[PDB]
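**Q** Protein chains in written order, with PDB author numbering: chain B, 1 to 239; chain D, 2 to 391; chain C, 2 to 391. Every residue, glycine too, gets a C-beta built ideally from N, C-alpha and C. Dumping the structure here so I can ask a few things about it.
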Amino acid sequence: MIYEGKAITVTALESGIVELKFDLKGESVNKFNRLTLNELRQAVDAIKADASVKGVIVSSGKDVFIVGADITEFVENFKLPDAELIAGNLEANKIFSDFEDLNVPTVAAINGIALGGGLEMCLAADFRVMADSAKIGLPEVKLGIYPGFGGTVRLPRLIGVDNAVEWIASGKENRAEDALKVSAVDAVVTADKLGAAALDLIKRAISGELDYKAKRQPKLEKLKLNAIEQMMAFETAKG
Amino acid sequence: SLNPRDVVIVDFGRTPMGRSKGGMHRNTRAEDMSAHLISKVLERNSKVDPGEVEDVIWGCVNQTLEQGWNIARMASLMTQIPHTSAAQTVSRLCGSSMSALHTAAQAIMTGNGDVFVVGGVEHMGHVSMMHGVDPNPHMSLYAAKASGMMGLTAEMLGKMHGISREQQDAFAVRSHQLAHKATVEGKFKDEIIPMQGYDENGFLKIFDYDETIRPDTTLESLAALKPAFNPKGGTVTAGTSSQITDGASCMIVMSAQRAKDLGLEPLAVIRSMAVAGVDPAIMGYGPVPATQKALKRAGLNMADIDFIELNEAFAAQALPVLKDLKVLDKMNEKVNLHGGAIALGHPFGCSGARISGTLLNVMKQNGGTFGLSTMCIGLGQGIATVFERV
Amino acid sequence: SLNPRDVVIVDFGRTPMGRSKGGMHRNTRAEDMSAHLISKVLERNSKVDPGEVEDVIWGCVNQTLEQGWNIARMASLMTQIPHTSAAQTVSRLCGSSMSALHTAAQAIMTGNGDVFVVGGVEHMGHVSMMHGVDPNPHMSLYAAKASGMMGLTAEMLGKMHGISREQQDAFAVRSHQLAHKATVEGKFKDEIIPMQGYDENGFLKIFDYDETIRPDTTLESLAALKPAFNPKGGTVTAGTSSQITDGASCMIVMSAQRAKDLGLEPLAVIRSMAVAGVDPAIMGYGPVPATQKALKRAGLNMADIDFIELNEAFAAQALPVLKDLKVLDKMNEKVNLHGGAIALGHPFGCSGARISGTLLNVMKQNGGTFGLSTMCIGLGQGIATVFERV
Ligand SMILES: CC(=O)SCCNC(=O)CCNC(=O)[C@H](O)C(C)(C)COP(=O)(O)OP(=O)(O)OC[C@H]1O[C@@H](n2cnc3c(N)ncnc32)[C@H](O)[C@@H]1OP(=O)(O)O
Ligand SMILES: CC(=O)SCCNC(=O)CCNC(=O)[C@H](O)C(C)(C)COP(=O)(O)OP(=O)(O)OC[C@H]1O[C@@H](n2cnc3c(N)ncnc32)[C@H](O)[C@@H]1OP(=O)(O)O
Numbered sequence: 001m002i003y004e005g006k007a008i009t010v011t012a013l014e015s016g017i018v019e020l021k022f023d024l025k026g027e028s029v030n031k032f033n034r035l036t037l038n039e040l041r042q043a044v045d046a047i048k049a050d051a052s053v054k055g056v057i058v059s060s061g062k063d064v065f066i067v068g069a070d071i072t073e074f075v076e077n078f079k080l081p082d083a084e085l086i087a088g089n090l091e092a093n094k095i096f097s098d099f100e101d102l103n104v105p106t107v108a109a110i111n112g113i114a115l116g117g118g119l120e121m122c123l124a125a126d127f128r129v130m131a132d133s134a135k136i137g138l139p140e141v142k143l144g145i146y147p148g149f150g151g152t153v154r155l156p157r158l159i160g161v162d163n164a165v166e167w168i169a170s171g172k173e174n175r176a177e178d179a180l181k182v183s184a185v186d187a188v189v190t191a192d193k194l195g196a197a198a199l200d201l202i203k204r205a206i207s208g209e210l211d212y213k214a215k216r217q218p219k220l221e222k223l224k225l226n227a228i229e230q231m232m233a234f235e236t237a238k239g
Numbered sequence: 002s003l004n005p006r007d008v009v010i011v012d013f014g015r016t017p018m019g020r021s022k023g024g025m026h027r028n029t030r031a032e033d034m035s036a037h038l039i040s041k042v043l044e045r046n047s048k049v050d051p052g053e054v055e056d057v058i059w060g061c062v063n064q065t066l067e068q069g070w071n072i073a074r075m076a077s078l079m080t081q082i083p084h085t086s087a088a089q090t091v092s093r094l095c096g097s098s099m100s101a102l103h104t105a106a107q108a109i110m111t112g113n114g115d116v117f118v119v120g121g122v123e124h125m126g127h128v129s130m131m132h133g134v135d136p137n138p139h140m141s142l143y144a145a146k147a148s149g150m151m152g153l154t155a156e157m158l159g160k161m162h163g164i165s166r167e168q169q170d171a172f173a174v175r176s177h178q179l180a181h182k183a184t185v186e187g188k189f190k191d192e193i194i195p196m197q198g199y200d201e202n203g204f205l206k207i208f209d210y211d212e213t214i215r216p217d218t219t220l221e222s223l224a225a226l227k228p229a230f231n232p233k234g235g236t237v238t239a240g241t242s243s244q245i246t247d248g249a250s251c252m253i254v255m256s257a258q259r260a261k262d263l264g265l266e267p268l269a270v271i272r273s274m275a276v277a278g279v280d281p282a283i284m285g286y287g288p289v290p291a292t293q294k295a296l297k298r299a300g301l302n303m304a305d306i307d308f309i310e311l312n313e314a315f316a317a318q319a320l321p322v323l324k325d326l327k328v329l330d331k332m333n334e335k336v337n338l339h340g341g342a343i344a345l346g347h348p349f350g351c352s353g354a355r356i357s358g359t360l361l362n363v364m365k366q367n368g369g370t371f372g373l374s375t376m377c378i379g380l381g382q383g384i385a386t387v388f389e390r391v
Numbered sequence: 002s003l004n005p006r007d008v009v010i011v012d013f014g015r016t017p018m019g020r021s022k023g024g025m026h027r028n029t030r031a032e033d034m035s036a037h038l039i040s041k042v043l044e045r046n047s048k049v050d051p052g053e054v055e056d057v058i059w060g061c062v063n064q065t066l067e068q069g070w071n072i073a074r075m076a077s078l079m080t081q082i083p084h085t086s087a088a089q090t091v092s093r094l095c096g097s098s099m100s101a102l103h104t105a106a107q108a109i110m111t112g113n114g115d116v117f118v119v120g121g122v123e124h125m126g127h128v129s130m131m132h133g134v135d136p137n138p139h140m141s142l143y144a145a146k147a148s149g150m151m152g153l154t155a156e157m158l159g160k161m162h163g164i165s166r167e168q169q170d171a172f173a174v175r176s177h178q179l180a181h182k183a184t185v186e187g188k189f190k191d192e193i194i195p196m197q198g199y200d201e202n203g204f205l206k207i208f209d210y211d212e213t214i215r216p217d218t219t220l221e222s223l224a225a226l227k228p229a230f231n232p233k234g235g236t237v238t239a240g241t242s243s244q245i246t247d248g249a250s251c252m253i254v255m256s257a258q259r260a261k262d263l264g265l266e267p268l269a270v271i272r273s274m275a276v277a278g279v280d281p282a283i284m285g286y287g288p289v290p291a292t293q294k295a296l297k298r299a300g301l302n303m304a305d306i307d308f309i310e311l312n313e314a315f316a317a318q319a320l321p322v323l324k325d326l327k328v329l330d331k332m333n334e335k336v337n338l339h340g341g342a343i344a345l346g347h348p349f350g351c352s353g354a355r356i357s358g359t360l361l362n363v364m365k366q367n368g369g370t371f372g373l374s375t376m377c378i379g380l381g382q383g384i385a386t387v388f389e390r391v
């Protein structure tokens, strides 16, 4: 195949479209540990070279989609000097950013729970399909921190300042219904039909039906809010 | 002289204001309140024929339940207005009623009607402003959700133009004071239409005054109040803001030519109409953009207007407007001399023509000529009008 | 020739209609549906500057929840339209959107603006027509409560002018038929703005057609249906009545002088505007009083209009109108040639300019000159307009 690791598998599909599944063999769930970050890196650089690629569908092999990294590694990482820590995320965000700047339509098939980095992964893609029985959120504040994988960057520009501030300041989980209303997700479908949901969406992006270049732009530019509107948008939020 | 195509205001009328909470209108529908007022104002002007009324443009905001399904027609049917007449409900939040006046005026100037009946109503007691409100998440992607809360948009301006608490409460007392003063000295008599209502015990009696006016308002009584929107650092309170009040306001309008035919003496003549927009976060600054576009379309200046009626939304929004209008030092001389919305209440749908009508009386009562009726609108909007006494 | 004061319609646009029940708009807010349409229609006309848009007059009826608090502005804020522009929500039930067109047109003729963006929306799926309705008992003292039920007002006219079931269903099939025909033969292509929606399974895809159109409609399929309002003796059914549909409609309108400046070719020019009233019990007879007052204000006759667009409220109301308009025998030649409301749905707030916009296309598509856009309104009302192709 195009790529094969211990937590990520990139299998080719029809019409050039290729699927990138997060399946951490051995463990029960998926999370961004030291390994996954490196494998995703290689996976991206692989799709970044393969010219036969016409689209990318990110799926999950486990029950849940992708949850936060091991709490154990968090502590170990929060002891390092500030300079070494920032470098860890500076290079980390680069991975997601690369998958974002990928000159090809990308869609995430959220079949299950997508928390912390998991949601940030999807936020990097262009479109997002979610199963009605799933939940997404950013429970970073439940640890005294906030989204470090571009979360505080893509969400505010995707669903709006206010709604983003809420999703972050609370760290609450979000149901399928609410996720769509805030546009954190582009479409909700039954679990079984979630498969074709992504495939059908991809083809409607490649042809040009769904301008993916225009849908990706918002999170690559300044907020649409006015300067005056910002003054209130944030100050009131702070207060 | 007056060209036949100009607009003429025959008479103005308004229902006695009343607290939405257990007030005099606690048992009166917004529909019946309007129909009753419209019918009464038509009686004082027995010269104009209800049948000639081309269209009845009413003002209303929270159109649902009692105020839903085109209340403009639901009220015109319980009056002397024939079923042959039309009726539309114009909504532009606070400036709803005023926009209605423009729709008719412009309908006259274009030969699409000779006689109109404009006005507005808003029974916040029944159809509260917080009833049936479904916020749009996507709105946060283009603006600040906080900009929706009128109270906070007042705070921002109160900080931008530096308006202190000692100043806001000072403007509040002025409103209650002048409102009560004008009331006692009989100045609202020509506009207030005696209306049946109920008191505390539930007795049936007719009110001809305004409950909303609290004479016992002092700088000390307001200073004891706490910020209603922003806890730590707030300056605007329920005392400086307008009141939740049930009430309507009617106004008979027609062409000047038809006025010379029915031999009825006008009350004022519309000269310029204007509407403008501002940032939702600071909607209180809407009056200035509207006034400017108004004076320009009338070939006048702020110095030509003898009297001004600025709807008192918040104390933290009115003052800033009057300051940037270069008429703040002329407040006690030509601005809300009979009282403001802070003491007379602010019926989302009635306030439009309500202040415009009161303005005409302030001019007629003091030999004025040019008047200014402006008001700020939610989500960043403003509207103004200039009437001439001739 | 065209005088600078005349009104000009630059472009017309409308969202793809869709069943309110589990349709393509089941997950689209009425606010976003409008803002999206307005934004797209402005793109096709890159010549007109969104900033010059004096005011955005939108149409809406059940203004609550999503459609409440002046949806006209709530939508204009999520577009390229600056905060400097104004926005009002006009309500006149079914003819809401059409009245909006008049307000703007008349605002132009009187020098109170140069560029306007009119239209309307009505998402009956979310904000159903039966949502938050509080009947006024006192209304029965001046009229019949039954007159409120649009269905019954159709029955009465169906008995007054003698319209049988075999005729009503015949008019229904005609609507579905012609609508489907025009659709397939690409006639709505210039007005339908591709819009994202969702199908049954919940997949995201773009619709460019009208779901509401059921081609398999026959006189037999309709005859199998039962009366929906009056059991024993009913003639009007859900098949002969309009459909509950989610959808909007936009229209860029400005002065003729400004058109000669931006060098953009018009689509039509407003000549006469009119509104009238009829008995609530027979509100379906509103078009005639409106059309007459319109033609007279344009110095024309029913014989001068080449094409007519009559909103198909009920089959029992449309036929009676066309009969008293002396054009019934001219139906298949100049009346709803691309389809009607029975197959395209009737969004209380969008239908106004929707049928008027379609009219302009029918004229341009067949070298027509004068067009007629009229429709009946609840509680006894009517509204019409005459556009000229030049
Ligand atoms: C853009 C435009 O044109 S307008 C925008 C529209 N905005 C408005 O109309 C203002 C909105 N305001 C509101 O909705 C309400 O007033 C709120 C939410 C701010 C406050 O409501 P609540 O939480 O119920 O507090 P409440 O209004 O009851 O407070 C009033 C208190 O002040 C006291 N008070 C009011 N005026 C005075 C006075 N002049 N002197 C002394 N006490 C006073 C009252 O006695 C009362 O006290 P009590 O509750 O012990 O009896
Ligand atoms: C004044 C003006 O300008 S407009 C006046 C406003 N118009 C109206 O109020 C009428 C709009 N119509 C409605 O609101 C509704 O259709 C009603 C109230 C008439 C009926 O509503 P309901 O009780 O839900 O019945 P419903 O609409 O679902 O239709 C019932 C059946 O008729 C069928 N049907 C409806 N229209 C058609 C048609 N054109 N062809 C074939 N079958 C049809 C439906 O498929 C359905 O069949 P099913 O039971 O097997 O599913």
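#1: Any beta carbon of chain B sitting closer than 8 Å to that of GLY203(C)?
#2: When you compare each of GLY203(C), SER40(C) and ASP191(C) to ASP192(B) by their alpha carbons, which one comes out closest?
#3: Please list the partners that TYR199(C) has in chain B, where partner means a Cβ-to-Cβ separation under 7 Å.
#4: Using CA atoms only, rank isn't needed, just tell me which of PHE65(B), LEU201(B), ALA87(B) and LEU119(B) is closest to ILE8(B).
#5: In its own chain, which residues sit with a C-beta less than 7 Å from the C-beta of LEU35(B), not counting the 5 before and 5 after it?
#6: Against chain C, does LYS193(B) count as a neighbour if the rule is that its beta carbon must be under 8 Å from one of theirs?
#7: Under DSSP, the alpha helix (DSSP H) around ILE159(B) begins and ends at which residues?
#8: Strictly under 8 Å for the Cβ-Cβ distance: is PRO288(D) near chain C by that measure?
#9: For a cutoff of 8 Å on Cβ pairs, would you count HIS84(C) as touching chain B?
#10: Residues bridged to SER59(B) by DSSP?
#11: Between the Cα of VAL153(B) and the Cα atoms of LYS219(B), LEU40(B) and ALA69(B), which residue gives the shortest distance?
#12: Select from the stretch 29-41 of chain C all residues with a C-beta closer than 9 Å to any C-beta belonging to chain D, and list them in chain order.
#13: With a Cβ-Cβ cutoff of 8 Å, do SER352(D) and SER98(D) count as a contact?
#14: For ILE283(C), which residues in chain B fall below 9 Å Cβ to Cβ?
#15: For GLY346(D) and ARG15(C), I'd like the C-alpha separation in whole angstroms.
#16: Using a Cβ-Cβ distance cut-off of 8 Å, determine whether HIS139(D) contacts chain C.
#17: Does DSSP put residue 458(C) in a helix, in a strand, or in coil?
#18: Can you give me the C-alpha to C-alpha distance between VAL165(B) and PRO156(B), rounded to a whole angstrom?
#19: Alpha carbon to alpha carbon, how far is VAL128(C) from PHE127(B)?
#20: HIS181(D): beta carbon under 7 Å from a heavy atom of ligand 1?
#21: Ignore the nearest five residues each way along the sequence and tell me which others in residue 394(C)'s own chain have a CB closer than 8 Å to its CB.
#22: Can you give, in chain order, each stretch of the alpha helix (DSSP H) that sits fully within the stretch 285-327 of chain C and has at least 4 residues?
#23: Buried or exposed for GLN169(D), please, with buried defined as at least 16 other CB atoms from any protein chain shown within 10 angstroms of its CB.
#24: Listed in chain order, which residues of the stretch 146-162 of chain B have Cβ atoms closer than 7 Å to some Cβ of chain C?
#25: Kindly examine ligand 1 and report whether one of its heavy atoms sits closer than 7 Å to the Cβ of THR218(D).
#26: Does the beta carbon of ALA144(D) come closer than 8 Å to any beta carbon on chain B?
#27: Grouping DSSP H, G and I as helix and E and B as strand, with all else coil, what is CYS251(D)?
#28: Does at least one heavy atom of ligand 2 sit under 7 Å from the Cβ of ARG215(C)?
#29: Any C-beta of chain B sitting closer than 8 Å to the C-beta of residue 393(D)?
**A** Quick answer:
#1: yes
#2: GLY203(C)
#3: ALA187
#4: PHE65(B)
#5: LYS6 and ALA7
#6: yes
#7: 151-159
#8: no
#9: yes
#10: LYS21(B)
#11: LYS219(B)
#12: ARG30, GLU32, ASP33 and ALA36
#13: yes
#14: None at all; the shortest Cβ gap to chain B is about 43 Å.
#15: 41 Å
#16: yes
#17: No information on residue 458(C) is available, as it lies outside the stretch 2 to 391 that chain C covers here.
#18: 7 Å
#19: 29 Å
#20: no
#21: Only positions 2 to 391 of chain C appear in this structure, which leaves residue 394(C) out of reach.
#22: 288-297 and 316-325
#23: buried
#24: none
#25: yes
#26: yes
#27: strand
#28: yes
#29: Because chain D spans 2 through 391 in this model, residue 393(D) falls outside it and cannot be assessed.
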